[PDB]
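Coordinates from my_file_24.pdb are shown below (PDB, C-alpha atoms (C1' of nucleotides)).
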```pdb
ATOM      1  CA  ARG A   1       6.096  57.655  26.289  1.00  0.00           C
ATOM      2  CA  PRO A   2       2.659  57.557  24.552  1.00  0.00           C
ATOM      3  CA  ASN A   3       2.259  55.332  21.478  1.00  0.00           C
ATOM      4  CA  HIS A   4      -0.095  54.652  18.534  1.00  0.00           C
ATOM      5  CA  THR A   5      -0.449  51.077  19.781  1.00  0.00           C
ATOM      6  CA  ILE A   6      -1.749  50.323  23.282  1.00  0.00           C
ATOM      7  CA  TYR A   7      -0.957  47.232  25.367  1.00  0.00           C
ATOM      8  CA  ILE A   8      -3.861  45.510  27.124  1.00  0.00           C
ATOM      9  CA  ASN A   9      -3.340  42.790  29.732  1.00  0.00           C
ATOM     10  CA  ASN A  10      -5.216  41.073  32.596  1.00  0.00           C
ATOM     11  CA  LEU A  11      -7.794  39.854  30.076  1.00  0.00           C
ATOM     12  CA  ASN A  12      -9.732  36.599  30.410  1.00  0.00           C
ATOM     13  CA  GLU A  13      -7.567  33.871  28.856  1.00  0.00           C
ATOM     14  CA  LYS A  14     -10.495  31.452  28.348  1.00  0.00           C
ATOM     15  CA  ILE A  15     -11.992  33.584  25.558  1.00  0.00           C
ATOM     16  CA  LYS A  16     -11.078  32.530  21.997  1.00  0.00           C
ATOM     17  CA  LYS A  17      -8.954  34.538  19.528  1.00  0.00           C
ATOM     18  CA  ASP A  18     -11.613  35.785  17.083  1.00  0.00           C
ATOM     19  CA  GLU A  19     -14.333  36.606  19.652  1.00  0.00           C
ATOM     20  CA  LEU A  20     -12.056  38.747  21.861  1.00  0.00           C
ATOM     21  CA  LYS A  21     -10.716  40.583  18.805  1.00  0.00           C
ATOM     22  CA  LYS A  22     -14.293  41.493  17.792  1.00  0.00           C
ATOM     23  CA  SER A  23     -15.256  42.183  21.419  1.00  0.00           C
ATOM     24  CA  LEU A  24     -12.372  44.623  21.903  1.00  0.00           C
ATOM     25  CA  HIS A  25     -13.282  46.355  18.641  1.00  0.00           C
ATOM     26  CA  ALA A  26     -16.746  46.881  20.152  1.00  0.00           C
ATOM     27  CA  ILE A  27     -15.369  49.294  22.770  1.00  0.00           C
ATOM     28  CA  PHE A  28     -12.242  50.923  21.302  1.00  0.00           C
ATOM     29  CA  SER A  29     -14.019  51.948  18.084  1.00  0.00           C
ATOM     30  CA  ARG A  30     -15.466  55.146  19.615  1.00  0.00           C
ATOM     31  CA  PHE A  31     -12.065  56.642  20.546  1.00  0.00           C
ATOM     32  CA  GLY A  32     -10.955  56.582  16.903  1.00  0.00           C
ATOM     33  CA  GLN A  33     -10.336  54.216  14.008  1.00  0.00           C
ATOM     34  CA  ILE A  34      -8.442  50.977  14.653  1.00  0.00           C
ATOM     35  CA  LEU A  35      -6.064  49.459  12.092  1.00  0.00           C
ATOM     36  CA  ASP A  36      -5.488  45.956  13.532  1.00  0.00           C
ATOM     37  CA  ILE A  37      -6.059  44.226  16.877  1.00  0.00           C
ATOM     38  CA  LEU A  38      -3.424  41.535  17.474  1.00  0.00           C
ATOM     39  CA  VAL A  39      -4.573  38.617  19.652  1.00  0.00           C
ATOM     40  CA  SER A  40      -2.584  35.486  20.554  1.00  0.00           C
ATOM     41  CA  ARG A  41      -3.342  32.619  22.958  1.00  0.00           C
ATOM     42  CA  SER A  42       0.226  31.245  23.317  1.00  0.00           C
ATOM     43  CA  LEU A  43       2.220  30.903  26.568  1.00  0.00           C
ATOM     44  CA  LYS A  44       3.858  34.363  26.480  1.00  0.00           C
ATOM     45  CA  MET A  45       1.067  36.226  24.652  1.00  0.00           C
ATOM     46  CA  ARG A  46      -2.224  35.034  26.230  1.00  0.00           C
ATOM     47  CA  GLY A  47      -4.542  37.409  28.113  1.00  0.00           C
ATOM     48  CA  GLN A  48      -2.957  40.237  26.125  1.00  0.00           C
ATOM     49  CA  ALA A  49      -3.952  42.620  23.323  1.00  0.00           C
ATOM     50  CA  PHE A  50      -2.302  45.130  20.990  1.00  0.00           C
ATOM     51  CA  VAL A  51      -4.659  47.734  19.513  1.00  0.00           C
ATOM     52  CA  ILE A  52      -3.296  49.961  16.727  1.00  0.00           C
ATOM     53  CA  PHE A  53      -4.822  53.458  16.730  1.00  0.00           C
ATOM     54  CA  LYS A  54      -4.164  55.660  13.682  1.00  0.00           C
ATOM     55  CA  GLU A  55      -4.295  58.743  15.923  1.00  0.00           C
ATOM     56  CA  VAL A  56      -2.081  59.001  19.025  1.00  0.00           C
ATOM     57  CA  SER A  57      -4.798  61.065  20.744  1.00  0.00           C
ATOM     58  CA  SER A  58      -7.173  58.129  20.175  1.00  0.00           C
ATOM     59  CA  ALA A  59      -4.806  55.827  22.098  1.00  0.00           C
ATOM     60  CA  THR A  60      -4.586  58.323  24.979  1.00  0.00           C
ATOM     61  CA  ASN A  61      -8.357  58.676  25.537  1.00  0.00           C
ATOM     62  CA  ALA A  62      -8.644  54.886  25.312  1.00  0.00           C
ATOM     63  CA  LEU A  63      -6.175  54.419  28.196  1.00  0.00           C
ATOM     64  CA  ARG A  64      -7.793  57.196  30.258  1.00  0.00           C
ATOM     65  CA  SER A  65     -11.298  55.735  29.936  1.00  0.00           C
ATOM     66  CA  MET A  66     -10.951  51.946  29.645  1.00  0.00           C
ATOM     67  CA  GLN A  67      -8.402  51.615  32.472  1.00  0.00           C
ATOM     68  CA  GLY A  68      -9.729  49.278  35.179  1.00  0.00           C
ATOM     69  CA  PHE A  69     -12.836  48.477  33.113  1.00  0.00           C
ATOM     70  CA  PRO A  70     -14.387  45.046  33.798  1.00  0.00           C
ATOM     71  CA  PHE A  71     -14.182  43.074  30.554  1.00  0.00           C
ATOM     72  CA  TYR A  72     -15.137  39.370  30.611  1.00  0.00           C
ATOM     73  CA  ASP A  73     -15.351  39.435  34.446  1.00  0.00           C
ATOM     74  CA  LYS A  74     -11.781  40.825  34.547  1.00  0.00           C
ATOM     75  CA  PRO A  75     -10.669  44.451  35.127  1.00  0.00           C
ATOM     76  CA  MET A  76      -8.505  45.786  32.284  1.00  0.00           C
ATOM     77  CA  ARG A  77      -4.878  46.891  32.649  1.00  0.00           C
ATOM     78  CA  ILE A  78      -3.757  49.198  29.831  1.00  0.00           C
ATOM     79  CA  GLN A  79      -0.318  50.684  29.137  1.00  0.00           C
ATOM     80  CA  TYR A  80       1.397  52.260  26.122  1.00  0.00           C
ATOM     81  CA  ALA A  81       3.425  49.906  23.914  1.00  0.00           C
ATOM     82  CA  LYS A  82       7.222  49.848  24.323  1.00  0.00           C
ATOM     83  CA  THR A  83       7.922  50.322  20.600  1.00  0.00           C
ATOM     84  CA  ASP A  84       5.885  51.301  17.523  1.00  0.00           C
ATOM     85  CA  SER A  85       4.072  48.445  15.735  1.00  0.00           C
ATOM     86  CA  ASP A  86       4.986  47.078  12.279  1.00  0.00           C
ATOM     87  CA  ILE A  87       2.130  48.826  10.429  1.00  0.00           C
ATOM     88  CA  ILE A  88       2.914  52.364  11.672  1.00  0.00           C
ATOM     89  CA  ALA A  89       6.739  52.156  11.877  1.00  0.00           C
ATOM     90  CA  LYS A  90       7.090  50.732   8.350  1.00  0.00           C
TER      91      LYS A  90
ATOM     92  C1'   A B   1     -20.878   3.527  -9.497  1.00  0.00           C
ATOM     93  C1'   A B   2     -16.970  -1.281  -6.562  1.00  0.00           C
ATOM     94  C1'   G B   3      -9.525   0.770  -5.906  1.00  0.00           C
ATOM     95  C1'   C B   4     -15.416   0.422  -3.439  1.00  0.00           C
ATOM     96  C1'   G B   5     -17.946   2.148   1.472  1.00  0.00           C
ATOM     97  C1'   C B   6     -16.988   3.267   6.398  1.00  0.00           C
ATOM     98  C1'   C B   7     -13.670   5.270  10.898  1.00  0.00           C
ATOM     99  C1'   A B   8     -12.070   4.471  14.965  1.00  0.00           C
ATOM    100  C1'   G B   9      -5.519   3.061  15.772  1.00  0.00           C
ATOM    101  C1'   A B  10      -2.066   6.971  13.739  1.00  0.00           C
ATOM    102  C1'   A B  11      -1.188  11.887  11.941  1.00  0.00           C
ATOM    103  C1'   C B  12      -2.701  16.915  11.202  1.00  0.00           C
ATOM    104  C1'   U B  13      -6.296  20.779  13.162  1.00  0.00           C
TER     105        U B  13
ATOM    106  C1'   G C   1      -9.735  23.852  16.291  1.00  0.00           C
ATOM    107  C1'   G C   2     -13.125  23.039  21.361  1.00  0.00           C
ATOM    108  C1'   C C   3     -14.057  22.098  27.176  1.00  0.00           C
ATOM    109  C1'   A C   4     -11.709  21.164  32.119  1.00  0.00           C
ATOM    110  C1'   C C   5      -7.245  21.543  34.880  1.00  0.00           C
ATOM    111  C1'   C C   6      -1.967  22.423  36.237  1.00  0.00           C
ATOM    112  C1'   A C   7       0.970  26.411  35.098  1.00  0.00           C
ATOM    113  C1'   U C   8       1.649  31.627  33.094  1.00  0.00           C
ATOM    114  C1'   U C   9       0.147  38.957  34.758  1.00  0.00           C
ATOM    115  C1'   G C  10       3.224  37.899  30.183  1.00  0.00           C
ATOM    116  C1'   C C  11       5.504  44.335  25.427  1.00  0.00           C
ATOM    117  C1'   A C  12       4.723  41.404  21.038  1.00  0.00           C
ATOM    118  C1'   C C  13       3.964  42.329  14.442  1.00  0.00           C
ATOM    119  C1'   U C  14       5.172  33.395   9.169  1.00  0.00           C
ATOM    120  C1'   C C  15       3.373  29.579  13.078  1.00  0.00           C
ATOM    121  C1'   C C  16       4.931  28.580  19.053  1.00  0.00           C
ATOM    122  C1'   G C  17       3.781  25.055  27.411  1.00  0.00           C
ATOM    123  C1'   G C  18       1.741  20.396  29.303  1.00  0.00           C
ATOM    124  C1'   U C  19      -1.998  16.574  30.474  1.00  0.00           C
ATOM    125  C1'   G C  20      -6.769  14.494  29.683  1.00  0.00           C
ATOM    126  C1'   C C  21     -11.598  14.704  27.446  1.00  0.00           C
ATOM    127  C1'   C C  22     -14.413  15.879  22.868  1.00  0.00           C
ATOM    128  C1'   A C  23     -15.052  17.376  17.990  1.00  0.00           C
ATOM    129  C1'   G C  24     -13.340  17.820  12.997  1.00  0.00           C
ATOM    130  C1'   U C  25      -9.983  16.514   8.888  1.00  0.00           C
ATOM    131  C1'   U C  26      -6.994  12.999   5.950  1.00  0.00           C
ATOM    132  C1'   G C  27      -8.062   7.814   5.193  1.00  0.00           C
ATOM    133  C1'   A C  28      -7.714   3.788  -3.235  1.00  0.00           C
ATOM    134  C1'   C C  29      -5.909   7.003  -8.963  1.00  0.00           C
ATOM    135  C1'   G C  30      -8.034   4.699 -12.990  1.00  0.00           C
ATOM    136  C1'   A C  31      -8.480  -0.124 -16.085  1.00  0.00           C
ATOM    137  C1'   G C  32     -11.213  -4.745 -15.711  1.00  0.00           C
ATOM    138  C1'   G C  33     -14.754  -8.295 -13.945  1.00  0.00           C
ATOM    139  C1'   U C  34     -21.338 -12.067 -11.563  1.00  0.00           C
ATOM    140  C1'   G C  35     -23.920 -20.019 -13.418  1.00  0.00           C
ATOM    141  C1'   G C  36     -24.277 -22.038  -8.305  1.00  0.00           C
ATOM    142  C1'   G C  37     -22.169 -24.005  -3.190  1.00  0.00           C
ATOM    143  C1'   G C  38     -18.079 -24.181  -0.065  1.00  0.00           C
ATOM    144  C1'   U C  39     -13.389 -22.210   1.064  1.00  0.00           C
ATOM    145  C1'   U C  40      -9.760 -18.203   1.079  1.00  0.00           C
ATOM    146  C1'   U C  41      -4.439 -13.414   2.657  1.00  0.00           C
ATOM    147  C1'   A C  42      -9.691 -11.587  -4.464  1.00  0.00           C
ATOM    148  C1'   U C  43      -7.148  -9.281 -10.623  1.00  0.00           C
ATOM    149  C1'   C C  44      -4.204  -5.163 -13.180  1.00  0.00           C
ATOM    150  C1'   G C  45      -1.167  -1.436 -13.396  1.00  0.00           C
ATOM    151  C1'   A C  46      -0.288   4.635 -12.165  1.00  0.00           C
ATOM    152  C1'   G C  47       1.538   7.251  -7.916  1.00  0.00           C
ATOM    153  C1'   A C  48       4.731   7.725  -3.597  1.00  0.00           C
ATOM    154  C1'   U C  49       4.332  11.365   4.068  1.00  0.00           C
ATOM    155  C1'   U C  50      -0.816   7.174   5.544  1.00  0.00           C
ATOM    156  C1'   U C  51      -3.139   4.205  -1.468  1.00  0.00           C
ATOM    157  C1'   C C  52      -0.481   3.474   6.632  1.00  0.00           C
ATOM    158  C1'   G C  53      -3.710   0.610  10.351  1.00  0.00           C
ATOM    159  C1'   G C  54      -8.752  -1.261  11.368  1.00  0.00           C
ATOM    160  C1'   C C  55     -13.748  -2.987   9.736  1.00  0.00           C
ATOM    161  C1'   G C  56     -17.392  -4.001   5.990  1.00  0.00           C
ATOM    162  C1'   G C  57     -18.264  -5.196   0.621  1.00  0.00           C
ATOM    163  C1'   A C  58     -16.715  -7.455  -3.807  1.00  0.00           C
ATOM    164  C1'   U C  59     -18.010  -9.815  -9.973  1.00  0.00           C
ATOM    165  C1'   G C  60     -11.054 -12.995  -8.379  1.00  0.00           C
ATOM    166  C1'   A C  61      -8.484 -17.671  -7.592  1.00  0.00           C
ATOM    167  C1'   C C  62      -9.287 -22.610  -6.359  1.00  0.00           C
ATOM    168  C1'   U C  63     -12.349 -26.611  -5.930  1.00  0.00           C
ATOM    169  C1'   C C  64     -16.674 -29.617  -6.719  1.00  0.00           C
ATOM    170  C1'   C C  65     -21.316 -29.805  -8.792  1.00  0.00           C
ATOM    171  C1'   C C  66     -24.246 -28.056 -12.843  1.00  0.00           C
ATOM    172  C1'   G C  67     -24.987 -26.847 -18.054  1.00  0.00           C
ATOM    173  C1'   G C  68     -21.882 -26.094 -22.605  1.00  0.00           C
ATOM    174  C1'   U C  69     -17.966 -25.387 -26.748  1.00  0.00           C
ATOM    175  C1'   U C  70     -13.411 -27.070 -29.454  1.00  0.00           C
ATOM    176  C1'   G C  71     -10.600 -31.965 -30.850  1.00  0.00           C
ATOM    177  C1'   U C  72     -13.070 -30.866 -38.746  1.00  0.00           C
ATOM    178  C1'   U C  73     -19.290 -33.840 -39.741  1.00  0.00           C
ATOM    179  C1'   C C  74     -23.142 -36.078 -36.480  1.00  0.00           C
ATOM    180  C1'   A C  75     -25.585 -38.692 -32.786  1.00  0.00           C
ATOM    181  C1'   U C  76     -22.953 -41.495 -27.302  1.00  0.00           C
ATOM    182  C1'   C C  77     -19.673 -42.969 -23.502  1.00  0.00           C
ATOM    183  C1'   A C  78     -14.929 -41.962 -22.069  1.00  0.00           C
ATOM    184  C1'   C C  79     -10.111 -38.972 -22.946  1.00  0.00           C
ATOM    185  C1'   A C  80      -7.659 -33.992 -23.545  1.00  0.00           C
ATOM    186  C1'   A C  81      -7.662 -28.764 -22.585  1.00  0.00           C
ATOM    187  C1'   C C  82     -11.125 -24.704 -22.187  1.00  0.00           C
ATOM    188  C1'   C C  83     -16.128 -21.420 -21.484  1.00  0.00           C
ATOM    189  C1'   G C  84     -20.220 -19.763 -18.267  1.00  0.00           C
ATOM    190  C1'   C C  85     -24.256 -16.186 -23.460  1.00  0.00           C
ATOM    191  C1'   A C  86     -18.452 -17.171 -24.167  1.00  0.00           C
ATOM    192  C1'   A C  87     -15.391 -21.446 -25.121  1.00  0.00           C
ATOM    193  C1'   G C  88      -7.808 -26.292 -27.863  1.00  0.00           C
ATOM    194  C1'   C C  89      -2.657 -24.574 -28.103  1.00  0.00           C
ATOM    195  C1'   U C  90       1.348 -21.312 -30.119  1.00  0.00           C
ATOM    196  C1'   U C  91       4.675 -17.310 -33.274  1.00  0.00           C
ATOM    197  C1'   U C  92       1.998 -12.740 -34.576  1.00  0.00           C
ATOM    198  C1'   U C  93      -1.973  -8.064 -35.586  1.00  0.00           C
ATOM    199  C1'   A C  94      -4.890  -3.761 -34.517  1.00  0.00           C
ATOM    200  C1'   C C  95      -8.867  -2.195 -31.389  1.00  0.00           C
ATOM    201  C1'   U C  96     -10.035  -1.417 -26.250  1.00  0.00           C
ATOM    202  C1'   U C  97     -11.722   8.008 -24.385  1.00  0.00           C
ATOM    203  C1'   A C  98      -6.836   5.705 -18.279  1.00  0.00           C
ATOM    204  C1'   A C  99      -7.536   8.639 -14.092  1.00  0.00           C
ATOM    205  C1'   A C 100      -4.821  10.537 -10.205  1.00  0.00           C
ATOM    206  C1'   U C 101       0.106  12.267  -9.037  1.00  0.00           C
ATOM    207  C1'   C C 102       2.263  17.047 -11.604  1.00  0.00           C
ATOM    208  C1'   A C 103       1.712  22.208 -12.849  1.00  0.00           C
ATOM    209  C1'   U C 104      -2.114  25.518 -12.368  1.00  0.00           C
ATOM    210  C1'   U C 105      -6.286  28.788 -10.260  1.00  0.00           C
ATOM    211  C1'   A C 106     -11.490  29.714  -8.814  1.00  0.00           C
ATOM    212  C1'   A C 107     -15.214  28.667  -4.860  1.00  0.00           C
ATOM    213  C1'   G C 108     -16.200  27.289   0.523  1.00  0.00           C
ATOM    214  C1'   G C 109     -14.085  26.833   5.992  1.00  0.00           C
ATOM    215  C1'   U C 110     -10.925  29.580  12.245  1.00  0.00           C
ATOM    216  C1'   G C 111      -8.015  25.825  10.339  1.00  0.00           C
ATOM    217  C1'   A C 112      -6.357  20.624   9.035  1.00  0.00           C
ATOM    218  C1'   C C 113      -8.082  20.407   4.185  1.00  0.00           C
ATOM    219  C1'   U C 114     -12.638  20.154   0.646  1.00  0.00           C
ATOM    220  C1'   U C 115     -15.285  20.905  -4.048  1.00  0.00           C
ATOM    221  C1'   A C 116     -14.562  22.209  -9.293  1.00  0.00           C
ATOM    222  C1'   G C 117     -12.149  23.880 -13.693  1.00  0.00           C
ATOM    223  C1'   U C 118      -7.937  24.331 -16.788  1.00  0.00           C
ATOM    224  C1'   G C 119      -2.883  22.778 -19.087  1.00  0.00           C
ATOM    225  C1'   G C 120      -0.008  18.449 -20.805  1.00  0.00           C
ATOM    226  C1'   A C 121       1.922  13.593 -20.770  1.00  0.00           C
ATOM    227  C1'   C C 122       2.501   8.573 -19.368  1.00  0.00           C
ATOM    228  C1'   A C 123       0.043   2.392 -18.345  1.00  0.00           C
ATOM    229  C1'   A C 124      -0.615  -2.906 -17.097  1.00  0.00           C
ATOM    230  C1'   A C 125      -3.760  -6.900 -17.072  1.00  0.00           C
ATOM    231  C1'   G C 126      -7.491  -8.606 -19.503  1.00  0.00           C
ATOM    232  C1'   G C 127     -10.717  -9.130 -23.207  1.00  0.00           C
ATOM    233  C1'   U C 128     -12.510  -8.124 -28.608  1.00  0.00           C
ATOM    234  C1'   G C 129     -11.693  -9.167 -34.267  1.00  0.00           C
ATOM    235  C1'   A C 130      -7.529 -10.895 -37.874  1.00  0.00           C
ATOM    236  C1'   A C 131      -3.386 -13.827 -40.008  1.00  0.00           C
ATOM    237  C1'   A C 132       0.051 -18.589 -40.706  1.00  0.00           C
ATOM    238  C1'   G C 133       0.788 -23.349 -37.959  1.00  0.00           C
ATOM    239  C1'   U C 134       0.096 -27.497 -34.449  1.00  0.00           C
ATOM    240  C1'   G C 135      -4.142 -31.184 -31.260  1.00  0.00           C
ATOM    241  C1'   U C 136      -8.114 -37.309 -29.812  1.00  0.00           C
ATOM    242  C1'   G C 137     -10.067 -42.379 -29.102  1.00  0.00           C
ATOM    243  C1'   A C 138     -13.880 -46.218 -28.827  1.00  0.00           C
ATOM    244  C1'   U C 139     -18.771 -47.807 -31.225  1.00  0.00           C
ATOM    245  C1'   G C 140     -22.434 -46.729 -34.726  1.00  0.00           C
ATOM    246  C1'   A C 141     -25.415 -43.670 -39.543  1.00  0.00           C
TER     247        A C 141
END
```
What would the structure in this file look like if it were written as structure tokens?
Amino acid sequence: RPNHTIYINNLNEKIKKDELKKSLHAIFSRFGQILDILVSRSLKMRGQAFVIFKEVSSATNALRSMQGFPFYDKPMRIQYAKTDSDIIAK
RNA sequence: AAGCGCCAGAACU
RNA sequence: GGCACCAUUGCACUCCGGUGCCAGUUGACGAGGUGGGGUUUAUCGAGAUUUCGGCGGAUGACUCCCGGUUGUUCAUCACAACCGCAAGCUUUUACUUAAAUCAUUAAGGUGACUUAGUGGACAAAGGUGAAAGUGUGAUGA
């Protein structure tokens, strides 16, 4: 079920790679320490974000609080990642 | 310090 | 890389849909070279995705004019080939810091790439001395 990494979608696709990465670190920093925020603007990966929390409890409070939150005019949709990311698994 | 200057076709970002 | 649009609500850990508009980046590595006017596709090699393509410059070549050398003095007009602070032709003889590519590893940038250092090697043309040979007449001191 719950995972170290959280999946964020329904984000504004117009916003560039580096800005959004720094902008999402502005909010998810309070819940706990972040290891790496993966951002891609490709066809299958745009308007999406993977945030790696070192604590699982950090990822849970993040989903509970930032769900539905309006970020760049768009309300956020957050779920747990299907599998563990490559920095925590290995 | 004159195989040197420039950039807009092309290519890459 | 950026802005608009069409399209995408999509679960990944070296990049990763299209069109148009805009911006950025690449875009010659050294040697050598200027009496003047015209003309023109301006010399030499090194390298090897573009050193391609475009445009500008240019000391080249050619030609004529101009001023000169050499043809054993030296004045003058031809004739012959040259030179534009150098200068007949051939056979030889040094000198003339090649740089980039390559490998490498530091700085800067979102990136394409950029700036600099280090390591080692390789030229061609030309010109600059030297050595032996071979090149005019006509008229006058």
Identify all chain A residues at most 12 Å from chain C by counting only C-alpha atoms (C1' of nucleotides); ligands do not count. Present them as a CSV table (one decimal) with C-alpha atoms, keeping the file's coordinate frame.
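Result file follows (iface.csv):
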```
chain,number,residue,atom,x,y,z
A,5,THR,CA,-0.4,51.1,19.8
A,6,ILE,CA,-1.7,50.3,23.3
A,7,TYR,CA,-1.0,47.2,25.4
A,8,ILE,CA,-3.9,45.5,27.1
A,9,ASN,CA,-3.3,42.8,29.7
A,10,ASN,CA,-5.2,41.1,32.6
A,11,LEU,CA,-7.8,39.9,30.1
A,12,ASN,CA,-9.7,36.6,30.4
A,13,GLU,CA,-7.6,33.9,28.9
A,14,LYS,CA,-10.5,31.5,28.3
A,15,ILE,CA,-12.0,33.6,25.6
A,16,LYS,CA,-11.1,32.5,22.0
A,17,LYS,CA,-9.0,34.5,19.5
A,18,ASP,CA,-11.6,35.8,17.1
A,19,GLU,CA,-14.3,36.6,19.7
A,36,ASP,CA,-5.5,46.0,13.5
A,37,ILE,CA,-6.1,44.2,16.9
A,38,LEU,CA,-3.4,41.5,17.5
A,39,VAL,CA,-4.6,38.6,19.7
A,40,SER,CA,-2.6,35.5,20.6
A,41,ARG,CA,-3.3,32.6,23.0
A,42,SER,CA,0.2,31.2,23.3
A,43,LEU,CA,2.2,30.9,26.6
A,44,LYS,CA,3.9,34.4,26.5
A,45,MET,CA,1.1,36.2,24.7
A,46,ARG,CA,-2.2,35.0,26.2
A,47,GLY,CA,-4.5,37.4,28.1
A,48,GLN,CA,-3.0,40.2,26.1
A,49,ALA,CA,-4.0,42.6,23.3
A,50,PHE,CA,-2.3,45.1,21.0
A,51,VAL,CA,-4.7,47.7,19.5
A,52,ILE,CA,-3.3,50.0,16.7
A,76,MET,CA,-8.5,45.8,32.3
A,77,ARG,CA,-4.9,46.9,32.6
A,78,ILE,CA,-3.8,49.2,29.8
A,79,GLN,CA,-0.3,50.7,29.1
A,80,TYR,CA,1.4,52.3,26.1
A,81,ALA,CA,3.4,49.9,23.9
A,82,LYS,CA,7.2,49.8,24.3
A,83,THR,CA,7.9,50.3,20.6
A,84,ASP,CA,5.9,51.3,17.5
A,85,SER,CA,4.1,48.4,15.7
A,86,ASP,CA,5.0,47.1,12.3
A,87,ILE,CA,2.1,48.8,10.4
A,88,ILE,CA,2.9,52.4,11.7
A,89,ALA,CA,6.7,52.2,11.9
A,90,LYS,CA,7.1,50.7,8.4
```
Which neighbours of region 3-13 of chain B fall inside 7 Å, counting all atoms listed in the file, when residues of the same chain fewer than 6 positions from it are skipped, and could you give them as JSON, numbers by chain?
-> {"C": [1, 28, 53, 54, 111, 112]}
Selection from above, C-alpha atoms (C1' of nucleotides), as a PDB file, keeping the file's coordinate frame, can you write it?
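Result went into out.pdb, see below:
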```pdb
ATOM      1  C1'   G C   1      -9.735  23.852  16.291  1.00  0.00           C
ATOM      2  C1'   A C  28      -7.714   3.788  -3.235  1.00  0.00           C
ATOM      3  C1'   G C  53      -3.710   0.610  10.351  1.00  0.00           C
ATOM      4  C1'   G C  54      -8.752  -1.261  11.368  1.00  0.00           C
ATOM      5  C1'   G C 111      -8.015  25.825  10.339  1.00  0.00           C
ATOM      6  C1'   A C 112      -6.357  20.624   9.035  1.00  0.00           C
TER       7        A C 112
END
```
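Across the structure, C1' of residue 81 (chain C) and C1' of residue 124 (chain C) are spaced 27.4 Å apart.
Across the model, the gap from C1' of residue 64 (chain C) to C1' of residue 126 (chain C) is 26.3 Å.
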Do you know which residues are at most 12 Å from residue 92 (chain C) counting only C-alpha atoms (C1' of nucleotides), after dropping those on the same chain fewer than 6 positions away, and could you put them as a PyMOL selection string?
-> chain C and resi 130-133
